[PDB]
Every structure is written in structure tokens, then in C-alpha cells.
Amino acid sequence: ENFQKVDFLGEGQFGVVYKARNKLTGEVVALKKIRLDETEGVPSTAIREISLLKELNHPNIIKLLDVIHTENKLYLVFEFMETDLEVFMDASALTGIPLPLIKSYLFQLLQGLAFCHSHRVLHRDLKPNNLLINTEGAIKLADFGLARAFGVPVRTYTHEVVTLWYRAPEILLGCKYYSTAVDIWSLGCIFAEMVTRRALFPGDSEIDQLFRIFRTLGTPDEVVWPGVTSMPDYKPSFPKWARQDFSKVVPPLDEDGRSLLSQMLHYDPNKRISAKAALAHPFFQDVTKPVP
Amino acid sequence: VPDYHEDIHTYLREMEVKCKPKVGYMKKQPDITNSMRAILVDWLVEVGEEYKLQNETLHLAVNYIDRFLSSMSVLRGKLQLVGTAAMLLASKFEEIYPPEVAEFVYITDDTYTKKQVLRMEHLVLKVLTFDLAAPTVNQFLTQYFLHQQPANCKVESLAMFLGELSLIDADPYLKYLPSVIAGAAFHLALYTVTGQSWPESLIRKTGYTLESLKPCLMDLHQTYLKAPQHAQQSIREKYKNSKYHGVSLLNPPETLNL
Ligand SMILES: CC1(C)CC[C@H](Nc2ncc(C(F)(F)F)c(-c3c[nH]c4c(P(C)(C)=O)c(C#N)ccc34)n2)CN1
Ligand code: NA
Ligand code: NA
């Protein structure tokens with residue numbers, strides 16, 4: 001192509017990503033070679049990612065620059081991002097991330113999510129390595145391959161969704177319907193991860209994941225989540241742990257932060273705060289702009 | 001009432017203008033006709049029933065087909081191949097468990113090969129520039145149904161029925177936006193079953209008065225009246241099942257009496 005492969009970034013099931021240079025314009029890009037190798041032609045994940053990204057023009061959402069499609073070859077050309085949240089947290093593991101930057105990053109991320117949700121898109125794979133950071137201090141949602149356009153109201157969608165550590169309880173307990181609330185859970189976990197520099201709920205299995213959540217937020221019952229005891233994968237034998245104090249779970253956080261974080265981590269998806277409502281939360285009355 | 005319901009509706013109203021096919025496209029097609037399109041869509045309804053696909057998938061396929069035929073000339077011998085690929089793409093976009101290509105070939109009866117169907121997928125994607133997330137009559141109907149104070153399962157199925165009938169006849173239904181057809185459908189269903197009319201709450205949400213819906217209503221009334229006579233019957237057949245409360249068997253009203 002007009003592209004020079006600069007560096008290999010990683011191989012997935014979804015496919016191969018290279019850092020590349022436009023040899024004519026100099027523009028640095030990330031090239032996603034889609035794993036076609038294809039009994040069924042173009043993968044659904046590729047079709048969803050392009051069709052939904054072409055519709056999502058926002059400062060806090062990755063820019064799709066171009067699609068190069070032949071037979072047995074499909075490349076996606078994205079803006080190249082210098083760093084990601086996973087990497088920035090590691091290089092901050094001791095120092096810490098300053099609270100005002102945390103706040104700014106969370107504000108931005110909510111701005112991107114609100115935009116998605118208001119354009120009827122569920123992300124469904126939020127996690128630190130999908131949250132990319134550029135030199136100008138912008139953080140953007142990326143990797144929309146597991147996303148989906150959703151209906152008003154919703155119907156049943158795919159069950160195997162969200163990485164374990166960031167998976168909302170309604171999905172772990174196998175509810176028929178899920179919606180925008182599962183993305184908010186994911187962000188709550190990440191907010192908490194920026195503060196403490198450790199994964200909030202690192203399960204190694206579905207049950208272990210529930211238990212990590214319950215140990216921290218309390219075991220849910222009919223009181224805080226009506227209908228919960230009726231659910232497919234709920235068991236009456238679940239240990240009955242008490243909700244921990246948030247002052248202990250996330251020490252660095254002020255009153256406003258705790259209040260927001262607990263609203264993002266409500267068990268009942270109906271009580272759980274929307275991206276849009278969260279932007280109006282007092283926690284952000286003094287938020288600052290993206291800066292390099 | 002879910003979060004962002006008014007935002008999504010506003011977005012859908014923007015996107016339905018941009019996602020519209022060229023109104024007069026069949027005139028400029030040398031080899032195919034409204035009647036041939038009808039046979040295709042009707043066949044696509046049967047494909048949906050056999051493979052237990054969502055209503056939405058069928059409405060998207062049709063939107064893809066019409067946008068494609070707006071840009072490309074197709075011979076009648078190849079029209080079914082465009083529909084197969086449109087149905088494959090719609091399924092990939094919307095279904096949890098889309099049929100595999102081998103099964104799309106089976107449902108055509110080996111009229112085409114796995115090779116042709118995959119390649120036509122390629123070409124449809126190019127022609128649509130990968131813009132597959134189109135608003136449908138379906139998406140507008142489900143939006144409108146939330147504004148029924150007493151939810152009526154029979155009004156809902158019938159509204160869906162009428163919306164599906166509009167997919168068959170390019171003349172006159174390409175003239176109208178999905179949001180207006182849906183408006184027409186909902187009112188006609190409501191009126192038929194309960195005698196009620198286009199609610200004051202939907203007037204506010206859409207900005208469409210019963211009066212502004214009259215053109216589409218006069219058409220849709222007619223389509224409903226003559227539905228037992230129509231060549232294509234897969235939709236009337238589908239909506240006999242218990243799943244849709246046998247709404248296809250209801251007698252329509254003689255007088256709309258707006
Ligand atoms: C470790 C770093 C800091 C080095 C640079 C990388 N910069 C970047 N800029 C744009 C994109 C985008 F979004 F444009 F592609 C991507 C990207 C997105 N998904 C990726 C993957 P996945 C999650 C598909 O596996 C893998 C793997 N392996 C590797 C890269 C990406 N990365 C970010 N992380
Ligand atoms: Na013609
Ligand atoms: Na609504």
C-alpha cells in the first residue's frame with residue numbers, strides 16, 4: 001500500500017494491529033488487519049465495528065480514517081494513539097495518578113459513552129487497554145467490534161459479553177435483558193482502578209467474580225435488587241456478606257467521588273446512574289479540560 | 001420509558017433522511033420492476049419465518065436492497081442474489097445467531113454458489129459504504145408503543161403487520177419516511193382494534209398531527225383493504241400464527257373517519 005509497517009502492536013482473535021506511516025502524507029496510523037483467513041465471508045464483528053464507528057464522530061471516540069477492502073483482505077485504518085489507560089496506570093503504580101486528571105479522564109469517558117448510548121450503541125467491552133490516550137491529553141473509547149445497535153425498548157442480546165473483571169452482575173446472573181447499565185458498571189470498576197491502581201474485582205471464574213463483588217458491595221437480596229432471588233443463576237446458599245465502607249474500598253476519594261462511584265455500582269440496573277446523569281454529578285463541578 | 005429515549009428518537013429522525021433510497025429508482029432500472037421487487041421481499045418474509053429471524057432483520061434487508069438498486073443496475077436473473085446478500089448482512093448486523101452462508105445458498109435452491117453470495121456481500125458493502133445501521137418502520141413502531149397507556153398486544157401486532165405490508169409495494173411507500181409510515185400504521189391499528197386515535201402524546205414526540213399523516217393513511221388503508229387480494233401473501237400468512245394474535249384475520253374499518 002501507501003503504508004509503511006513501523007511496528008507490530010499485537011495479534012488477537014479479531015486480528016493483527018500494526019503501527020504504520022502513510023509514505024506520501026507522513027500521517028501515523030494504526031492498521032487493523034481483520035483475520036479473514038472465512039467460511040461466512042465478513043465477520044459480524046467487523047461489520048458492526050465499521051458501521052457503528054462510521055456513525056460516531058466524537059472527540060472521545062477513536063477516529064476510523066479509512067477501510068481498505070479487497071477479496072481475502074480487510075484493513076481498518078485508525079488514528080494512532082500514543083498510550084492507553086492500562087499502560088499509564090502501570091507507569092503510575094507508585095506515584096499515583098493525580099485526582100484532577102483521574103476526574104478529567106472519567107469526565108471524557110462518560111462524555112464518549114453518553115454519546116454512544118444517545119446514538120443507540122452499547123460498547124460491551126470497556127476496559128483499560130481499550131481506552132487510548134493521545135499526546136494532547138484526550139482519552140477515547142476504541143475497539144467497537146463487540147458493540148451493538150440497541151432498540152427502544154431492548155430485547156435479548158448476546159450473553160457472552162464483557163471481560164470478566166468488568167462484567168456487570170446482571171450478566172453474571174444471566175438476566176434476559178441488559179442495556180446501557182452494563183457499560184456504566186464497566187466504567188465504575190475502571191474509575192475505582194484509577195484511584196487504587198489495582199483491579200477492583202479480579203475474578204478467575206464467573207462464581208469467583210460474583211463473590212469478589214459480593215464481598216465488597218454486599219450480597220444482594222430482594223431488598224436492594226427486587227427480582228434477584230428469582231434469577232436463573234442466583235443460589236440461596238450464597239454467603240451473606242455486608243457492604244464494606246467506601247472510605248475503605250477507595251481511600252483517596254472525597255464525599256462526592258464515593259457518592260458517584262456507588263451510583264455507578266448499584267446492583268439493580270434501574271437504579272444505576274446513566275452516563276448523561278453522571279456528567280451532571282457534583283464530583284465534576286471543578287473538572288478541567290484535556291491538556292497535553 | 002428508558003434512558004435516552006428522546007435522544008435516540010431525535011437521532012433516528014436525522015438518520016432516516018440520510019438513509020432514504022432514491023424515490024424514483026425503479027423507473028431508471030432497465031430490467032426489473034415494482035412487481036419483481038414485491039416477489040423478492042415476499043420471498044424474504046418466508047426466509048425470515050423459516051430461520052426464525054427478527055422482524056428488524058427483514059426491514060434492514062429491504063432498506064439495503066432499495067439503497068443498492070438506487071445505485072446499480074441489476075438483471076432480473078441476479079435480483080435474488082442481491083436479496084440473499086442483503087439478508088446475510090442484515091442477519092450479521094442484528095441477529096445473535098445468523099444463518100451461515102451455506103444455508104442462504106440452500107434457501108435459494110442452488111440458484112447461486114457460495115462463491116457468488118460471498119462476492120455479492122463484498123459488493124453490497126462497497127455500494128452501501130458499510131452504512132448498515134439504518135432506521136426502520138420497526139424501530140419507530142417500538143418507540144411509539146411505549147406511549148400506549150394501556151399496552152394492547154393486538155394493536156402492536158397489527159401495527160407491525162401494516163408496517164410489513166408497506167415493504168412489499170415500492171409504489172407508493174418509497175415516498176414516505178419510516179417515521180410517517182409507522183405513524184400511519186400505529187393509528188390505523190389503534191383505530192381498527194379500539195376505535196382510539198393517534199395519541200396527543202405521540203403528536204408532541206413526533207410533531208406529526210393526524211392531519212399531516214393523512215396521505216400515508218389513505219394509502220395504508222387501501223393496502224389493508226386489498227391485502228387478501230394481493231398476489232404476495234407471505235405476510236398475511238405469517239400474521240395468522242398465534243405468535244401475532246391472528247391480527248391478519250381482523251376485518252379492517254371501511255371508514256377511517258379521521
Ligand atoms: C501498548 C500501547 C500503548 C501501544 C500503542 C497502542 N496504540 C493504538 N493506537 C490505536 C489503536 C486502534 F484503536 F486504533 F486500533 C490501537 C489498538 C486497538 N486495539 C488494539 C489491540 P486489540 C485490543 C484488537 O488486541 C492490540 C493488540 N493485541 C494492539 C493495539 C490496538 N492501539 C496502544 N497500546
Ligand atoms: Na423498471
Ligand atoms: Na420512546
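All chains are named by letter (A, B, ...) in the order of the sequence lines, taking the proteins before the strands, and each is independently numbered beginning at 1. Note that these values count all heavy atoms, side chains included, but never hydrogens, waters or copies made by symmetry.
The part of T70(A) that comes within reach of chain B is its backbone (N, CA, C, O), which places non-hydrogen atoms under 4.5 angstrom from that chain. If you measure heavy-atom distances from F115(A) to chain B, you find no contacts under 4.5 Å at all. With a threshold of 4.5 angstrom between heavy atoms, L12(B) approaches chain A through side-chain atoms but not through N, CA, C or O. Only the side chain of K114(B) comes within contact range of chain A, with heavy atoms under 4.5 Å apart. Looking at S91(B), there are no atoms closer than 4.5 Å to chain A (heavy atoms on both sides), in backbone or side chain. Only the side chain of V67(A) comes within contact range of chain B, with at least one heavy atom under 4.5 Å from a heavy atom of that chain.
No other option in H159(A), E71(A), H119(A), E38(A) has as many heavy-atom pairs under 4.5 Å with chain B as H119(A). Note on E121(B), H122(B), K126(B), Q143(B): by heavy-atom pairs under 4.5 Å with chain A, the leading option is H122(B).
Counting only distance, with no hydrogens or angles, the side chain of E40(A) and the backbone of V101(B) share a donor-acceptor pair below 3.5 Å. For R148(A) (side chain) and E94(B) (main-chain N/O), a donor-acceptor pair under 3.5 Å exists by modelled atom type. Between the side chain of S118(A) and the main chain of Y4(B), no donor-acceptor pair closer than 3.5 Å is present.
Taking non-hydrogen atoms and a 4.5 Å limit, the residue list of residues 261-274 of chain A in contact with chain B, ordered by number, reads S274(A). Below 4.5 Å, heavy atoms of chain B meet heavy atoms from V42(A), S44(A), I47(A), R48(A), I50(A), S51(A), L52(A), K54(A), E55(A), all part of residues 42-58 of chain A.
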Residue pair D7(B), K276(A): steps toward the salt bridge (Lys or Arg N to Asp or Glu O under 4.0 Å) verdict: CA-CA 11 Å; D7(B) 289 335; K276(A) 208 155 264 196; 2.8 Å; yes

